[PDB]
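Structure file data20.txt; described as compact mmCIF, C-alpha atoms.
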```
# COMPACT_ATOMS: atom_id res chain seq x y z
CA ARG Z 9 80.61 69.79 -18.35
CA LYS Z 10 80.76 67.55 -21.43
CA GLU Z 11 82.06 70.44 -23.55
CA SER Z 12 84.86 72.91 -22.79
CA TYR Z 13 83.32 76.39 -22.54
CA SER Z 14 85.61 77.41 -19.63
CA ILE Z 15 87.82 79.33 -22.05
CA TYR Z 16 84.77 80.86 -23.78
CA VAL Z 17 83.17 82.04 -20.52
CA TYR Z 18 86.51 83.56 -19.48
CA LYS Z 19 86.45 85.76 -22.59
CA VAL Z 20 82.92 86.96 -21.75
CA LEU Z 21 84.04 87.91 -18.23
CA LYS Z 22 86.89 90.01 -19.67
CA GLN Z 23 84.55 92.05 -21.95
CA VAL Z 24 81.79 92.36 -19.34
CA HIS Z 25 84.24 93.35 -16.54
CA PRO Z 26 88.10 92.79 -16.78
CA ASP Z 27 88.49 93.67 -13.08
CA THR Z 28 86.28 90.82 -11.83
CA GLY Z 29 87.69 87.30 -12.25
CA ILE Z 30 86.26 83.78 -12.07
CA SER Z 31 87.44 80.73 -10.12
CA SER Z 32 88.21 77.47 -11.97
CA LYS Z 33 85.36 75.81 -10.04
CA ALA Z 34 82.97 78.58 -11.11
CA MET Z 35 83.92 78.03 -14.76
CA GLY Z 36 83.04 74.34 -14.49
CA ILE Z 37 79.64 75.21 -12.98
CA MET Z 38 78.93 77.50 -15.95
CA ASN Z 39 79.79 74.62 -18.30
CA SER Z 40 77.12 72.45 -16.63
CA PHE Z 41 74.64 75.34 -16.98
CA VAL Z 42 75.14 75.38 -20.77
CA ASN Z 43 74.56 71.60 -20.95
CA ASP Z 44 71.40 71.83 -18.83
CA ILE Z 45 69.92 74.67 -20.90
CA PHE Z 46 70.79 72.88 -24.16
CA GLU Z 47 68.96 69.71 -23.08
CA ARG Z 48 65.79 71.53 -21.97
CA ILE Z 49 65.60 73.71 -25.10
CA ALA Z 50 66.49 70.79 -27.39
CA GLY Z 51 63.69 68.59 -26.03
CA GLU Z 52 61.19 71.45 -26.18
CA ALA Z 53 62.16 72.32 -29.76
CA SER Z 54 61.87 68.67 -30.81
CA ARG Z 55 58.33 68.52 -29.41
CA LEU Z 56 57.37 71.64 -31.38
CA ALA Z 57 58.78 70.11 -34.58
CA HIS Z 58 56.47 67.10 -34.15
CA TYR Z 59 53.44 69.37 -33.65
CA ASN Z 60 54.32 71.23 -36.87
CA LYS Z 61 55.18 67.91 -38.61
CA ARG Z 62 58.53 69.47 -39.60
CA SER Z 63 61.55 67.16 -39.48
CA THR Z 64 63.98 70.07 -39.85
CA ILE Z 65 64.30 72.31 -36.78
CA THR Z 66 64.41 76.05 -37.46
CA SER Z 67 64.68 79.32 -35.54
CA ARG Z 68 60.87 79.56 -35.38
CA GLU Z 69 60.57 76.40 -33.26
CA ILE Z 70 63.44 77.47 -31.01
CA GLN Z 71 61.96 80.99 -30.59
CA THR Z 72 58.74 79.55 -29.15
CA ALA Z 73 60.67 77.26 -26.78
CA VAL Z 74 62.98 80.09 -25.67
CA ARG Z 75 60.04 82.31 -24.64
CA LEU Z 76 58.39 79.47 -22.70
CA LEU Z 77 61.57 78.75 -20.71
CA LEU Z 78 62.80 82.33 -20.22
CA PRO Z 79 60.79 84.87 -18.02
CA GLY Z 80 59.11 87.95 -19.55
CA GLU Z 81 62.12 90.31 -19.44
CA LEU Z 82 64.66 87.67 -20.46
CA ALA Z 83 62.41 86.35 -23.23
CA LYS Z 84 62.14 89.77 -24.90
CA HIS Z 85 65.92 90.29 -24.89
CA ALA Z 86 66.49 86.70 -26.07
CA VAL Z 87 64.50 87.40 -29.25
CA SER Z 88 66.86 90.22 -30.25
CA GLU Z 89 69.91 88.04 -29.51
CA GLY Z 90 68.90 85.09 -31.69
CA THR Z 91 67.33 87.22 -34.44
CA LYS Z 92 70.42 89.44 -34.76
CA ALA Z 93 72.70 86.38 -34.79
CA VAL Z 94 70.75 84.99 -37.77
CA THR Z 95 70.81 88.39 -39.52
CA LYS Z 96 74.55 88.73 -38.94
CA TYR Z 97 75.07 85.21 -40.31
CA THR Z 98 72.98 86.09 -43.38
CA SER Z 99 74.68 89.54 -43.68
CA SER Z 100 78.18 88.04 -43.88
CA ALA Z 101 79.26 87.30 -47.46
CA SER Z 102 82.77 85.83 -47.20
CA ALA Z 103 83.12 83.26 -44.38
CA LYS Z 104 83.74 79.49 -44.38
CA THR Z 105 83.38 79.19 -40.57
CA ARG Z 106 79.88 79.06 -39.05
CA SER Z 107 81.01 80.66 -35.78
CA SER Z 108 82.96 83.40 -37.59
CA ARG Z 109 80.08 84.07 -39.99
CA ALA Z 110 77.65 84.33 -37.05
CA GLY Z 111 80.08 86.30 -34.86
CA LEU Z 112 79.38 84.19 -31.75
CA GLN Z 113 82.09 83.36 -29.20
CA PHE Z 114 80.58 79.93 -28.48
CA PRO Z 115 81.30 77.21 -31.18
CA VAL Z 116 78.28 77.57 -33.47
CA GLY Z 117 79.29 74.50 -35.52
CA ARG Z 118 79.53 72.36 -32.36
CA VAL Z 119 75.96 73.31 -31.35
CA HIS Z 120 74.61 72.10 -34.71
CA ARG Z 121 76.36 68.75 -34.24
CA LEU Z 122 75.01 68.37 -30.69
CA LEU Z 123 71.41 68.81 -31.88
CA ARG Z 124 71.78 66.02 -34.46
CA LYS Z 125 73.69 63.79 -32.00
CA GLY Z 126 70.88 64.16 -29.46
CA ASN Z 127 68.70 62.37 -32.08
CA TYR Z 128 66.06 65.05 -31.46
CA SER Z 129 65.45 65.48 -35.20
CA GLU Z 130 66.60 63.88 -38.46
CA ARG Z 131 67.75 67.25 -39.84
CA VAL Z 132 68.94 70.47 -38.17
CA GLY Z 133 69.01 73.97 -39.74
CA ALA Z 134 71.83 76.53 -39.61
CA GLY Z 135 69.81 79.43 -38.19
CA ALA Z 136 68.76 77.19 -35.28
CA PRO Z 137 72.28 76.49 -33.76
CA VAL Z 138 73.08 80.17 -34.35
CA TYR Z 139 69.88 81.25 -32.56
CA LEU Z 140 70.47 78.87 -29.65
CA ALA Z 141 74.16 79.83 -29.49
CA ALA Z 142 73.23 83.51 -29.10
CA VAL Z 143 70.84 82.67 -26.24
CA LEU Z 144 73.51 80.65 -24.40
CA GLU Z 145 76.04 83.49 -24.67
CA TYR Z 146 73.45 85.95 -23.31
CA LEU Z 147 72.72 83.75 -20.28
CA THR Z 148 76.44 83.31 -19.57
CA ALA Z 149 77.04 87.08 -19.60
CA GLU Z 150 73.94 87.83 -17.50
CA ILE Z 151 74.94 85.37 -14.76
CA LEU Z 152 78.50 86.74 -14.65
CA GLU Z 153 77.30 90.36 -14.35
CA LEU Z 154 74.92 89.53 -11.49
CA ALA Z 155 77.65 87.56 -9.74
CA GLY Z 156 79.93 90.60 -9.97
CA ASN Z 157 77.37 92.73 -8.11
CA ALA Z 158 77.20 90.18 -5.27
CA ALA Z 159 81.01 89.93 -5.26
CA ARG Z 160 81.27 93.70 -4.75
CA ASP Z 161 78.79 93.43 -1.86
CA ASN Z 162 81.05 90.80 -0.25
CA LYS Z 163 84.15 92.99 -0.87
CA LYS Z 164 85.50 90.34 -3.27
CA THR Z 165 86.70 90.79 -6.87
CA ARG Z 166 86.83 87.06 -7.68
CA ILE Z 167 83.61 85.17 -8.49
CA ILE Z 168 82.96 81.90 -6.63
CA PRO Z 169 80.06 79.28 -6.66
CA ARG Z 170 78.65 81.04 -3.59
CA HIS Z 171 78.43 84.28 -5.58
CA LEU Z 172 76.86 82.51 -8.56
CA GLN Z 173 74.21 80.84 -6.38
CA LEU Z 174 73.55 84.06 -4.47
CA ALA Z 175 72.94 85.99 -7.71
CA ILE Z 176 70.47 83.38 -9.00
CA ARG Z 177 68.56 83.37 -5.69
CA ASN Z 178 68.66 87.22 -5.61
CA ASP Z 179 66.39 87.42 -8.70
CA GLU Z 180 63.12 85.50 -9.15
CA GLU Z 181 63.51 85.55 -12.95
CA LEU Z 182 66.61 83.31 -12.93
CA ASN Z 183 65.18 81.30 -10.01
CA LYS Z 184 62.22 80.31 -12.19
CA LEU Z 185 64.55 79.32 -15.04
CA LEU Z 186 66.73 77.28 -12.64
CA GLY Z 187 63.79 76.18 -10.47
CA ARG Z 188 64.43 72.56 -11.51
CA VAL Z 189 68.24 72.99 -11.32
CA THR Z 190 70.35 73.01 -8.16
CA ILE Z 191 73.84 74.57 -8.35
CA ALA Z 192 75.05 72.73 -5.22
CA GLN Z 193 73.13 71.65 -2.11
CA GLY Z 194 73.17 68.79 0.41
CA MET V 1 113.41 86.66 -26.79
CA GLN V 2 110.01 88.29 -26.30
CA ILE V 3 108.00 90.64 -28.53
CA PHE V 4 104.82 92.70 -28.13
CA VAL V 5 102.01 92.46 -30.69
CA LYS V 6 99.59 95.39 -30.81
CA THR V 7 96.32 95.55 -32.77
CA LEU V 8 94.41 98.41 -34.44
CA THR V 9 91.79 98.12 -31.65
CA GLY V 10 94.40 99.40 -29.12
CA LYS V 11 95.12 96.00 -27.52
CA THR V 12 98.58 94.57 -26.80
CA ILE V 13 99.63 90.95 -26.18
CA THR V 14 103.04 89.68 -25.12
CA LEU V 15 104.49 86.84 -27.17
CA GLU V 16 107.66 84.78 -26.66
CA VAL V 17 109.39 83.78 -29.91
CA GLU V 18 112.95 83.19 -31.16
CA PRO V 19 114.72 84.82 -34.21
CA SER V 20 114.47 81.45 -36.01
CA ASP V 21 110.67 81.28 -35.50
CA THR V 22 108.60 81.65 -38.67
CA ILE V 23 105.74 84.10 -39.17
CA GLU V 24 103.32 81.24 -39.96
CA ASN V 25 104.05 79.82 -36.49
CA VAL V 26 103.26 83.23 -34.98
CA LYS V 27 99.96 83.36 -36.93
CA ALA V 28 98.75 80.16 -35.24
CA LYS V 29 99.73 81.54 -31.82
CA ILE V 30 97.70 84.70 -32.48
CA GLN V 31 94.70 82.54 -33.47
CA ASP V 32 94.91 80.95 -30.01
CA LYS V 33 94.90 84.36 -28.28
CA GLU V 34 92.23 86.09 -30.45
CA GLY V 35 90.43 83.08 -32.03
CA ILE V 36 90.72 84.71 -35.49
CA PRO V 37 91.78 82.65 -38.63
CA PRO V 38 95.61 82.99 -39.32
CA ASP V 39 94.95 83.71 -42.99
CA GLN V 40 92.84 86.75 -42.02
CA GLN V 41 95.74 88.17 -39.91
CA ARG V 42 98.53 90.51 -41.12
CA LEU V 43 101.72 91.25 -39.14
CA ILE V 44 103.72 94.44 -39.74
CA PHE V 45 107.18 95.49 -38.53
CA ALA V 46 108.24 99.15 -38.66
CA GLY V 47 105.21 99.70 -40.95
CA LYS V 48 106.38 96.93 -43.34
CA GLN V 49 104.19 93.97 -44.29
CA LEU V 50 105.38 90.53 -43.14
CA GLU V 51 105.38 87.32 -45.21
CA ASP V 52 104.25 84.04 -43.62
CA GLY V 53 107.02 82.03 -45.30
CA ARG V 54 109.66 84.48 -43.99
CA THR V 55 111.33 84.31 -40.57
CA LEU V 56 111.79 87.04 -37.95
CA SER V 57 115.56 87.09 -38.59
CA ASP V 58 114.84 88.05 -42.23
CA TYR V 59 113.41 91.40 -41.08
CA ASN V 60 116.35 91.93 -38.67
CA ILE V 61 114.13 91.88 -35.56
CA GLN V 62 115.97 91.91 -32.22
CA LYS V 63 114.82 91.42 -28.61
CA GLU V 64 111.94 93.64 -27.45
CA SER V 65 110.10 94.37 -30.72
CA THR V 66 106.66 95.79 -31.55
CA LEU V 67 104.44 94.30 -34.27
CA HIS V 68 101.11 95.68 -35.49
CA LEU V 69 98.13 93.54 -36.55
CA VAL V 70 95.91 94.06 -39.63
CA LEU V 71 93.00 92.04 -41.11
CA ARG V 72 93.28 90.17 -44.43
CA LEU V 73 90.13 90.14 -46.57
CA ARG V 74 89.76 87.33 -49.12
CA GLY V 75 86.93 85.15 -50.46
CA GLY V 76 88.14 81.55 -50.27
CA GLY Q 650 109.83 110.03 -10.26
CA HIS Q 651 111.89 113.20 -10.72
CA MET Q 652 113.51 111.93 -13.94
CA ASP Q 653 110.20 110.53 -15.28
CA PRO Q 654 111.97 108.98 -18.41
CA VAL Q 655 108.74 107.10 -19.22
CA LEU Q 656 107.19 110.29 -20.67
CA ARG Q 657 110.14 110.76 -23.05
CA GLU Q 658 110.01 107.09 -24.08
CA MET Q 659 106.23 107.22 -24.61
CA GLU Q 660 106.55 110.22 -26.94
CA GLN Q 661 109.16 108.47 -29.11
CA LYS Q 662 107.33 105.12 -29.04
CA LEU Q 663 104.01 106.80 -29.85
CA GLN Q 664 105.47 108.39 -33.00
CA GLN Q 665 106.71 105.00 -34.24
CA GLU Q 666 103.52 103.25 -33.09
CA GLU Q 667 101.31 105.69 -34.98
CA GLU Q 668 103.54 105.27 -38.04
CA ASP Q 669 102.83 101.51 -38.08
CA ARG Q 670 99.14 102.03 -37.27
CA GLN Q 671 98.72 104.55 -40.09
CA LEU Q 672 100.34 102.19 -42.60
CA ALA Q 673 98.33 99.28 -41.15
CA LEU Q 674 95.16 101.34 -41.49
CA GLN Q 675 95.89 101.80 -45.20
CA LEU Q 676 96.18 98.03 -45.68
CA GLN Q 677 92.93 97.53 -43.76
CA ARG Q 678 91.21 100.13 -45.97
CA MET Q 679 92.66 98.68 -49.21
CA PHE Q 680 91.51 95.16 -48.32
CA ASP Q 681 87.99 96.45 -47.64
CA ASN Q 682 88.07 98.30 -50.97
CA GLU Q 683 88.61 95.00 -52.81
CA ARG Q 684 85.18 93.93 -51.47
CA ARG Q 685 83.79 96.76 -53.73
CA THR Q 686 81.65 97.95 -50.78
CA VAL Q 687 82.88 101.22 -49.23
CA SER Q 688 81.13 103.16 -46.44
CA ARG Q 689 81.24 106.95 -46.03
CA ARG Q 690 80.63 107.00 -42.27
CA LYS Q 691 80.19 104.02 -39.92
CA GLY Q 692 80.07 103.72 -36.13
CA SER Q 693 78.64 101.15 -33.71
CA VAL Q 694 79.25 99.73 -30.22
CA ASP Q 695 79.38 95.97 -29.58
CA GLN Q 696 78.73 94.92 -25.97
CA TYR Q 697 76.93 92.18 -24.05
CA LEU Q 698 73.17 92.68 -23.79
CA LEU Q 699 71.67 93.36 -20.35
CA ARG Q 700 68.11 93.22 -18.96
CA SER Q 701 68.35 96.83 -17.77
CA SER Q 702 70.19 99.71 -19.45
CA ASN Q 703 70.57 103.43 -18.69
CA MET Q 704 71.33 105.67 -21.69
CA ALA Q 705 71.61 108.72 -19.41
CA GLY Q 706 75.01 109.28 -17.77
CA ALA Q 707 77.09 109.02 -21.03
CA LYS Q 708 79.51 106.42 -19.55
```
Starting from the file, give its structure as structure tokens.
Amino acid sequence: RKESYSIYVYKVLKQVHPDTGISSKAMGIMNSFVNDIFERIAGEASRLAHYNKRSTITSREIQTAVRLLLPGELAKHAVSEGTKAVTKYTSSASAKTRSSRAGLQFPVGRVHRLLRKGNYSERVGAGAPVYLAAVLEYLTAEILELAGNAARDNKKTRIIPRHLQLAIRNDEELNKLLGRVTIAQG
Amino acid sequence: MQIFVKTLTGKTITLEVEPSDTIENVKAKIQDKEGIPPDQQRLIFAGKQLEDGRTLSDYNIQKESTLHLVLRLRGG
Amino acid sequence: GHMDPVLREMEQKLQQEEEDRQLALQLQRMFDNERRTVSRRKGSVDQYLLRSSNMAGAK
């Protein structure tokens, strides 16, 4: 909600399924999802840094936190996403932009700033924001794909908050991840 | 006046510009649509490279025109 | 559409489109050459990762 990932999520929806669309309300919900995940991972990573007595946060600390928060299936896929993002970043030779060098739709540079702003750690690495950024993009795409399946079941091409909530409740894996998060309830 | 900009991937985007509009201005617009740096983008008309400092009128481009997109590679 | 003029227009437009694409391809290749790194054969697919995937079925 604090950031503006509505445009970014829209791009993901186009690549994952041009036919299916997303409502402006649904986009806003996705924005809050990114903020919620960032806070949980950030706090968990900070705790790990203290245990290792390392002021600078790196991909290793994030990797442990990612597995603990994400179920078994999601955790395995998450490793490839963050690892590849770091490799791609390292692979690129000419590139002055962090996001461009990493090849991530989400603002990689912004993520790095958020970690430092959160006062979680005195110093933040480059491979860390890239790793986290890759995980966030994966979650965004996964939610959109599941929502599309529910939309088809309801004979609707557009994705609405009802579809998003239905998809999360349709799979225990996401339910566990969002167990402490409520999309919208009285 | 409107023009169509196609890319080597096979994608096409409609763009509204006037004969007096500069290429540099178009580069920024493309960045908004793709999210790719304007320096790393090349615009071609009738298979001819286009200069940023030059205007559309310079290449004698009329209404309904097709422009192709290429990628610039430089280490800055 | 009995006249179907779109087909005639597509043929003419395609010839001009390919002309620009071919020239554009040369510029893309030349720019990559400057990097000093040239590949003989490259091919890869970039798509969003999913929990489940079925290789069988082609597409």
(request) Using only C-alpha atoms, determine which residues of chain Z fall within 12 Å of chain Q; present them as a PyMOL selection string. (result) chain Z and resi 19-25+79-90+92+100-102+111-113+142-143+145-154+179+181-182
Taking all atoms of range 112-115 of chain Z that the file lists and extending 3 Å past them on each side, where is the centre of the axis-aligned box and how long are its edges? Answer in Å to one decimal, as JSON.
```
{"center_x": 80.7, "center_y": 80.7, "center_z": -30.1, "size_x": 8.7, "size_y": 13.0, "size_z": 9.3}
```
(message) Using only C-alpha atoms and a cut-off of 8 Å, which residues of chain V sit close to chain Q? Please list them as a VMD selection string.
(response) chain V and resid 8 44 to 48 68 to 73
(message) Just to confirm, what's the straight-line distance from CA of residue 73 in chain Z to CA of residue 53 in chain Z in Å (one decimal)?
(response)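 Answer for the CA of residue 73 in chain Z to CA of residue 53 in chain Z separation: 6.0 Å.
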(request) Just give me the gap between CA of residue 191 in chain Z and CA of residue 115 in chain Z in Å, one decimal is fine. (result) 24.2 Å
(request) Starting from chain V, keep only residues with some atom at most 8 Å from an atom of chain Z, counting only C-alpha atoms, and report them as a list in words. (result)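 The answer, sorted by residue number, is residues 74, 75 and 76 of chain V.
Taking CA of residue 31 in chain V and CA of residue 695 in chain Q as the two end points, the separation is 20.7 Å.
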(message) So, with only C-alpha atoms as the atoms that count, which of V:66, V:13, V:53, V:32 lies closest to residue 663 in chain Q?
(response)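 Comparing V:66, V:13, V:53, V:32 against residue 663 in chain Q, the winner is V:66.
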(request) Name the closest residue to residue 163 in chain Z among the candidates Z:180, Z:96, Z:28, Z:136; distances are taken between atoms, counting only C-alpha atoms. (result)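 Of all the options, Z:28 lies closest to residue 163 in chain Z.
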